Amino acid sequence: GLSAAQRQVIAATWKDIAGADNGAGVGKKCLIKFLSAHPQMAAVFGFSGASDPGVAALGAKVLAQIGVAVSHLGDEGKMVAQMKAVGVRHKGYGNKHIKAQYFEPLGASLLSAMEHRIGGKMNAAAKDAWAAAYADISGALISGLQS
């Protein structure tokens, strides 16, 4: 759960992160860079490498889903149930076992991609709030994945 101050920050910066492509560019950057830094992850996703066009398609889907979770930060219960459902779906995705450990490095790539787009708006308070928001969102997915 996020405090009211954290919720305020996430909601405000999300508008700038979504920009004019519902966050698709952020999702592309996040995954491309993730796979370039951890080559081993391509096989998990079933991608040929960082330049596989499925990287951009999937990055857009992940960011759109984060937008949905943010719209429900007012009702933690809904956010978590929704993310759990996404997590259950992951039971049938990928070519390698999807492990909880993979989520941490993905989170770093995501926060970096957000910063690359909004710059200065990703201040100390935004970095703290987004790390907590990502921990709740990824935590809920993992709970469904592991159920």
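Start at 1 and count along the sequence shown; that's the residue number.
Averaged over CA atoms, B-factors in the entry run higher in 97 to 105 than in the other of 54 to 62 and 97 to 105.
Stretches 21 to 29 and 7 to 15 differ in mean CA B factor, with 7 to 15 having the higher one.
Across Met114, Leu35, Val88, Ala81, the entry's maximum B-factor at the CA atom is seen for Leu35. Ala42 sits in the highest third of its chain by CA B factor, as recorded in the PDB entry. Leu110: CA B factor lies in the lowest third for its chain, per the PDB record.
Placement of the Cα temperature factor of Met122 within the chain: highest third of the modelled residues, per the deposited record.
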